[PDB]
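A.B. asks: Experimental structure and its sequence below.
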Amino acid sequence: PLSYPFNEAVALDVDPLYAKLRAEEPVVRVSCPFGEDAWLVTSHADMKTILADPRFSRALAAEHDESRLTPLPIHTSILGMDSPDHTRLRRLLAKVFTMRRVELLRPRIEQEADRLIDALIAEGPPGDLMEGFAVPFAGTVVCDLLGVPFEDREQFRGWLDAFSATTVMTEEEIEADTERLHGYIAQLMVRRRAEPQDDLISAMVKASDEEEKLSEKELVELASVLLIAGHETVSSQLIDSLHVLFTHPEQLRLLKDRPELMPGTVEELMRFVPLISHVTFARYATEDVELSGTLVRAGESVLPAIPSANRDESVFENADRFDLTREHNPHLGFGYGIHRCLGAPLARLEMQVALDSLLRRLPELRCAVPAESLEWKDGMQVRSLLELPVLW
Ligand code: HEM
Ligand SMILES: CC(C)[C@H](S)C(=O)N[C@H](CO)Cc1c[nH]c2cccc(F)c12
């Protein structure tokens with residue numbers, strides 16, 4: 001079996017092997033850094049199967065030494081459950097994490113983007129769009145939504161890496177930091193239970209207490225993954241998207257000349273940016289299933305390489321090209337089926353607001369160094385820049 005990942009992720013470059021696999025052997029046996037061997041899935045159609053078809057299970061991973069890139073299995077909360085447990089947590093969030101809640105956040109989100117740009121301008125160029133914009137923008141938004149104090153960032157931010165680190169932390173460090181984040185959220189819930197605020201943690205604690213729907217551990221682990229998703233995934237996709245726009249200056253000119261392309265632009269960034277470094281979380285087969293001529297037997301795992309699905313040339317014409325006018329775009333950047341992203345309306349709002357605000361306030365925004373000089377964050381499950389220096 002081939003050793004996987006084949007190569008360490010570099011910048012936003014996609015490994016040429018994925019295009020060879022999609023064309024000649026779309027499903028291949030690999031050996032994983034931790035846990036059992038697995039079947040690597042690379043095509044769009046098979047990706048939809050293993051993400052949505054009831055024959056593939058997340059909860060079965062707990063009965064195995066789960067195929068994975070991280071030293072220990074991650075506490076994925078809702079994303080590690082099947083029905084009926086998944087349905088219980090999913091229904092809870094649907095009732096408190098509504099579209100109206102997200103749309104009512106837009107004035108505060110727009111105000112935070114303007115405040116961060118005010119600070120960038122007051123401090124003068126060169127600025128850092130990562131630590132000086134994407135990180136605190138994503139962070140204040142999710143902290144506002146969830147009810148985690150943004151002022152506690154100095155203590156919790158150093159724990160989040162333990163949910164994503166692949167090669168850069170020991171299992172002892174991962175266990176300690178995971179326990180520290182859970183313990184910190186647990187103490188926040190004691191306060192929020194007694195003194196509810198207009199945020200998601202309070203609403204979840206209240207909805208769960210009234211119907212005894214979730215245990216305290218389930219609530220703690222769920223709030224934790226929402227904080228990782230809003231703080232880390234959003235800021236990573238935002239900073240990678242800015243890198244894509246800077247390195248495709250003709251598409252950036254088109255976006256500034258036709259601002260109505262922004263909704264389609266965000267979707268094409270979701271598709272084109274290979275945000276997941278390699279694969280998302282393993283599923284396990286409950287029955288024999290044939291995928292692209294390869295038989296996956298019951299009890300075997302499949303790794304969904306979502307970035308490769310989004311480059312599938314049988315689905316997206318010129319899949320290797322970034323084209324923000326692309327109309328047909330059934331990308332899997334937000335997942336598919338039972339576990340599809342429920343933060344996607346908010347992520348879409350943040351991306352649109354962030355990019356509209358930057359292009360509106362800083363019309364001359366350009367990268368301050370050659371892209372070869374940039375430093376990327378290695379050893380994580382998503383790709384992100386450590387710094388993006390800009391002039392204006
Ligand atoms: C641009 C930023 C984001 C991206 C790219 C993203 C992407 C994804 C993807 C690909 C999945 C599916 C994972 C899988 O099937 O293995 C997912 C699931 C999920 N995302 Fe997001 N997400 C983002 C932001 C958020 C935000 C802001 C939240 C909420 C605060 C969130 C909450 C979730 C949850 C709860 C799930 C699991 C749903 C379930 O298990 O039923 N995400 N996301
Ligand atoms: C999930 C993908 C976007 C990749 S794989 C990722 O960022 N994964 C993160 C690091 O492993 C964990 C994560 C991000 N959003 C989540 C929502 C529910 C449970 C979770 F565990 C996560």
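C.D. replies: Received, thanks. Numbering: from 1, shown residues only. Ligands and ions are numbered 1, 2, ... in the order given.

A.B. asks: by contact count, what packs against the longest helix along the chain?
C.D. replies: When the chain is parsed with DSSP state H, its longest helix is helix 171-194. Packing partners of helix 171-194 (3 or more CB pairs under 8 Å, 6 or more residues apart in numbering; DSSP states H and E): helix 153-160, helix 200-211, helix 216-228. Backbone N, C-alpha and C define where each C-beta goes, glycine included.

A.B. asks: quick one, which of the ones you listed is packed in tightest?
C.D. replies: Mean neighbour count (mean count of other CB atoms under 10 Å) peaks for helix 216-228 among the helices and strands packed on helix 171-194, with a mean of 21.

A.B. asks: Helix 153-160 and that one, what's the angle between them?
C.D. replies: Angle of helix 216-228 versus helix 153-160, following axes from the mean of the first three to the mean of the last three CA atoms, to 10 degrees, is 100 degrees.

A.B. asks: got the contact list for residue 332?
C.D. replies: For residue 332, the contact set (CB atoms under 8 Å, 6 or more residues apart in numbering) comprises 44, 47, 48, 51, 306, 309, 310.

A.B. asks: For the residues you listed, pick the one with the most neighbours.
C.D. replies: Comparing the contacts of residue 332 by number of neighbours (other CB atoms under 10 Å), residue 309 comes first, having 28 neighbours.

A.B. asks: Which residue, other than its chain neighbours, is closest to it?
C.D. replies: Nearest-residue entry for residue 309: residue 47, 3.9 Å, with adjacent residues in sequence omitted and distances by CB to CB, 6 or more residues apart in numbering.

A.B. asks: Tell me the helix or strand right after the helix or strand containing that neighbour.
C.D. replies: Element membership for residue 47, per DSSP states H and E: helix 44-52. Heading C-terminal from helix 44-52, the first helix or strand you meet, by DSSP H and E, is strand 56-57.

A.B. asks: close to ligand 1, is the helix or strand following that next one?
C.D. replies: Using DSSP H and E, the helix or strand that follows strand 56-57 in sequence is helix 85-96. Yes: counting by CB under 6 Å from any ligand atom, ligand 1 is contacted by helix 85-96 at residue 90.

A.B. asks: Would you mind pulling the contact partners of the helix or strand following helix 85-96?
C.D. replies: Going down the chain from helix 85-96, the next helix or strand is helix 99-103, by DSSP H and E. Outside helix 99-103, the residues that touch it by CB under 8 Å, 6+ apart are 145, 200, 345, 346, 349.

A.B. asks: my read: the last one touches residue 106, true?
C.D. replies: Yes: with contact defined as CB atoms under 8 Å, residue 349 reaches residue 106; the gap is 6.3 Å.

A.B. asks: who's more crowded, these two?
C.D. replies: Shown here are residue 349 and residue 106; by other CB under 10 Å, residue 349 has more neighbours (18 against 13).

A.B. asks: quick one: that one from residue 268, how far?
C.D. replies: Distance, residue 349 to residue 268, by CB to CB, to the nearest Å: 17 Å.

A.B. asks: repeat for residue 366
C.D. replies: On the measure of CB to CB, residue 366 and residue 268 end up 21 Å apart.

A.B. asks: In terms of neighbours, single out the busier of the two.
C.D. replies: Between residue 366 and residue 268, counted using other CB under 10 Å, the more crowded position is residue 268 (25 against 12).

A.B. asks: For whatever residue of the stretch 251-392 of the chain ends up closest to ligand 1, which non-adjacent residue is spatially closest?
C.D. replies: Per CB to the nearest ligand atom, residue 343 is where the stretch 251-392 of the chain lies closest to ligand 1, at 2.1 Å. Nearest non-adjacent residue to residue 343, counting by CB to CB, 6+ apart: residue 229, 5.6 Å away.

A.B. asks: Distance of the one you found relative to residue 110?
C.D. replies: Note on residue 229: its distance to residue 110, by CB to CB, is 21 Å.

A.B. asks: Tell me which of these two has more neighbours.
C.D. replies: Neighbour count, other CB under 10 Å: between residue 229 and residue 110, residue 229 has more, with 19 against 15.

A.B. asks: what residues does the stretch 1-150 of the chain put near ligand 1?
C.D. replies: With the criterion set to CB under 6 Å from any ligand atom, the stretch 1-150 of the chain comes near ligand 1 through 51, 78, 79, 90, 142.

A.B. asks: quick one, what contacts the last one?
C.D. replies: For residue 142, the set of contacting residues under the criterion of CB under 8 Å, 6+ apart consists of 148, 226, 227, 229, 230, 231, 234.

A.B. asks: Same check on residue 116?
C.D. replies: By CB under 8 Å, 6+ apart, residue 116 lies in contact with 132, 133, 136, 137.

A.B. asks: Where does the closest residue to the first one other than its chain neighbours sit, in terms of helix or strand?
C.D. replies: If you skip the residues right next to it in sequence, residue 132 has residue 120 as its closest partner in space, 5.7 Å away by CB to CB, 6+ apart. Secondary-structure assignment from DSSP H and E places residue 120 in helix 106-123.

A.B. asks: for that helix, which positions count as buried?
C.D. replies: For helix 106-123, a neighbour-count test (16 or more other CB atoms under 10 Å) marks 109, 112, 113, 116, 117, 120 as buried.

A.B. asks: Lovely, talk soon.
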